[PDB]
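Engineer: Please find the sequence and an experimentally derived structure below.
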Amino acid sequence: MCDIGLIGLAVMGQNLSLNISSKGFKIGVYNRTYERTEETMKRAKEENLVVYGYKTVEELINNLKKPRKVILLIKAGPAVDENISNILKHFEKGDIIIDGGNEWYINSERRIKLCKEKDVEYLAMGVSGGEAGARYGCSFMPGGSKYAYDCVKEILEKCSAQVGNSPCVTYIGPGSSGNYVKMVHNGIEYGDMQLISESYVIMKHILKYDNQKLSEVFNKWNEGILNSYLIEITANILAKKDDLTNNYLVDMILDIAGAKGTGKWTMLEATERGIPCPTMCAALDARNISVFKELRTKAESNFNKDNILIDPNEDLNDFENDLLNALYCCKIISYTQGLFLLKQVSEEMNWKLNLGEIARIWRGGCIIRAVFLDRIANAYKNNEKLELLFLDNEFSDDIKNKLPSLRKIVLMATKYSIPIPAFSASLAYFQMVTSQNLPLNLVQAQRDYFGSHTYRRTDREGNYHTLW
Amino acid sequence: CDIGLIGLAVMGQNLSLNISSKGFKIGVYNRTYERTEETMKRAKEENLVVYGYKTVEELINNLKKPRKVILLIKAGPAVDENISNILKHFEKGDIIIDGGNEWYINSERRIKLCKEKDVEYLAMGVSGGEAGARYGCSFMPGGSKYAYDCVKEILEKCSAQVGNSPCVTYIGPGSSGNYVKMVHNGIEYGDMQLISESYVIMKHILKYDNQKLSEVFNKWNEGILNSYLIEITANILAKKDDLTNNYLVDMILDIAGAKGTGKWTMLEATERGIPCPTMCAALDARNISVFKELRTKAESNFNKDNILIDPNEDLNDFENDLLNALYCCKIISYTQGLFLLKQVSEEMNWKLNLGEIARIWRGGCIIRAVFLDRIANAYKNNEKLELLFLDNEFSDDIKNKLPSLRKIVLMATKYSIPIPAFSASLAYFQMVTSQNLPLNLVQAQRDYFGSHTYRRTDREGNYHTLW
């Protein structure tokens, strides 16, 4: 009998089947269409690995050992519920359903409760790493049934990314906390990608760096404090040559990058729960504005943007490293908004997430994997109740040392009419969070004028209204 | 009686006084009759006759056919199963108009539920507070044109009338009326944020005292920034406290949460993929202010040095650069607001006429301005206008006044003054007007780690690369 079952063989579950078999476990498999079930065992016997193939979902359910554990990697839709309903027919008490797809967390909380209304235990697990992380080591974020995580952890611990000793797996928490963490993960991924793209345009359009020089600076930044998966791949991307022309491949890609849904979700949670995430607002704005490509062409023909002529006595020494410090400053700020949202929702949902180990599971396999997340993990284990992360003593010293660089990057781009909303929002976010008095006294005074919303006073309690 | 009104609350109270002032007669009902009692007291004070009722059954039958009922009770489960209960006494051809500020999707359920009984439903957003009630509202009725047809004249003569042309229009089908009202206050949230950032730029860079600030705002209200918010801001900043020796605005605690209204339009922007950065900054400022005891702890750790401005900093004409900068951000703010309206109008197939929407906003609103009459002039000149600052009127204003926006952002950034709405407004403009954006690197990244296909400059088809 098999140890684990896996429904849904895309480019993501296939390689997870190979990983599970590569680590001493052997897996059962089912797909709606059987050509991909055909292709998977093809690659299994190629790599000298055994994977059992099945045509109906019933034969594989009966070919697992109790408690039966099944993983789903099918796309979000009614298909998730037609699989889960039909798995429930054959499943009995104590059996485990593990959803690995990126699903809206409210959907999971609904399905955890329907499935335990049959005492079928549900594990909503977010997976990150793509199809490289699948095959060799991803970042697992399982949440929901603590019982189900305990019976399957051993499969996850040896199939995840190993940072030294540490497997990139941890019990996230109860309910749909697994999808919420993974959702916040791609929110921080969207912001990291936007900040990198804005650093790319500062060097190319102010220091007027060619595409290879940009690849070197990213290969030099990747050697450092911002050593990350995304920074290293930009160095590779910027150096890549097209095979149809003699140009760099990135320069021939049309600048339309829409939102694929997941990352969009984090801004909805931010808005409705009242937790600001400005770095992510700029990231979604950049993606959404790019979609109107033929409106932006008409707009530029009316508002022609001139080539960037830099002042001859503008000083640009250390600007490459000021952008270094600025980018690192904006990443500290970007994670601060993400983890503050996680912390707050953790308290409202009563999940009591451990952000120290969430940072530690994210050190490998995922898209945002960086040495930076080891500083975060060490920060929260030093202070387990830290709300904002740059309030940590080391991080606060990093902000105070590198914030002038962020000011000068925003100043230089502002003067030369280069838009970097993520950089501007990140420094705007810091200046408002760290200010005791904000101009919302005038707003509260305005609302009382026309709407009688009442206001509160500095020196006394109670709500007051005045005829101005 | 000509019209009945079943939930007046504190707001329909004042609506009855106006409706009777112009030759019509109103029936009235409240859940609790202490307020229907109070309504007639003010009715006979102002010398008009208004009918009061205690049960819902007696009031429905006292109007001429087809009987039309208005509801102005707050959003909740009470309104929607009430709609099960109003359906009880109403028959076909009756007109039900919801005037409460309601989520447009919540309405869309009831228009189609009511058309399942051949009772046509009008989701109408009302603005003006209860001053708009007595003297003039901004009516935004949408849904069934037939249902708008029986109440049309009642709205035309009871709204805020700019001369003779009424601030009422058939907005469109479905819940289009509520969506206009929602997007309207979205621009209201952004206008307040842009003004509040102008207030702190003058206070902390030019060291303007509250009286100098009131004069500049009263001097902006005389010019291109003639608006209701600019005029009341001049009054607010000049008002003196009677409890202490300070200005009243300086003794108000800086915590201003969102009451729902502005929060909703940002949800639509995110879910439909229409960027509204000016509105994003407005909600960010409000949401950050609620963490007042976190902002105090953060400031103690990040001591802020006093704003010591360079003695050789040039600040002459800075007051006029901020005028043009603030005006630039208003054009940009409305551009995102009307673009969202334009986009949702075609996604919902409402075929809204934003020229008439802008003209509906000439009276009654918090956002009243002569500025939006020029907006109406833009759409009347080009009904297919995509973005509003691409119009020739605004484009020449933008091209003349955008340099002022650059130096305002530069000066605040230099002295660490946070102006998220100003920074977003100038970022939004530079990207909307850029043919090539750095999102080619993003598409290359997604194809790298996620194997998402991409499109090319010079050719069709979807491509994937082994990088």
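Structural biologist: Cool, the structure landed. Numbers count the residues shown, from 1 in each chain, chains lettered A, B, ... in the order given.
Engineer: OK, contacts around the residue nearest to the spatial centre of chain A?
Structural biologist: The centre of chain A sits closest to residue A:186, judged by C-alpha atoms, centre = their mean, with a distance of 1.8 Å. Residue A:186 makes contact with A:102, A:128, A:262-263, A:266, A:367, according to C-beta atoms under 8 Å, 6 or more residues apart in numbering or on different chains. The way it works is simple: take the backbone N, C-alpha and C, and place the C-beta from them, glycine included.
Engineer: ditto for residue A:329
Structural biologist: A:398-399, A:402-403, A:405-406, A:426-427.
Engineer: rewinding a little: mind putting the contacts of residue A:186 in a markdown table, neighbour count, distance to residue A:249 and secondary structure included?
Structural biologist: Converted to a markdown table, these look like this (neighbours: other C-beta atoms under 10 Å in any protein chain shown; distance: C-beta to C-beta, whole Å; DSSP: H, G, I helix; E, B strand; the rest coil):
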| residue | neighbour count | distance to residue A:249 | secondary structure |
| --- | --- | --- | --- |
| A:102 | 21 | 28 | coil |
| A:128 | 26 | 25 | strand |
| A:262 | 20 | 26 | helix |
| A:263 | 23 | 24 | helix |
| A:266 | 27 | 30 | helix |
| A:367 | 25 | 20 | coil |
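Engineer: ok, so of the residues you listed, who is nearest residue A:240?
Structural biologist: Nearest to residue A:240 among the contacts of residue A:186: residue A:367, at 18.7 Å, using C-beta to C-beta.
Engineer: returning to that earlier point: which ones among the contacts of residue A:329 map onto strands?
Structural biologist: Within the contacts of residue A:329, no residue falls in strands by DSSP state E.
Engineer: and those as CSV, adding neighbour count and distance to chain B?
Structural biologist: As requested, the contacts of residue A:329 are exported to CSV (neighbours: other C-beta atoms under 10 Å in any protein chain shown; distance: C-beta to the nearest C-beta, whole Å):
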residue, neighbour count, distance to chain B
A:398, 18, 12
A:399, 22, 7
A:402, 19, 13
A:403, 21, 9
A:405, 20, 13
A:406, 25, 10
A:426, 29, 11
A:427, 25, 8
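Engineer: follow-up on the earlier one: contacts with chain B among the contacts of residue A:186, please.
Structural biologist: residue A:367 (C-beta under 8 Å from any C-beta of the partner chain).
Engineer: And the contacts of residue A:186, which is closest to residue A:320?
Structural biologist: residue A:367 (25.4 Å).
Engineer: May I see the buried residues of the longest helix seen in chain A?
Structural biologist: Assignment by DSSP state H gives helix A:319-349 as the longest helix of chain A. Neighbour counts using 16 or more other C-beta atoms under 10 Å in any protein chain shown place A:319-320, A:322-343, A:345-346, A:349 of helix A:319-349 among the buried residues.
Engineer: What angle do helix B:292-301 and that helix make with each other?
Structural biologist: On the basis of axes from the mean of the first three to the mean of the last three C-alpha atoms, to 10 degrees, helix A:319-349 is oriented at 150 degrees to helix B:292-301.
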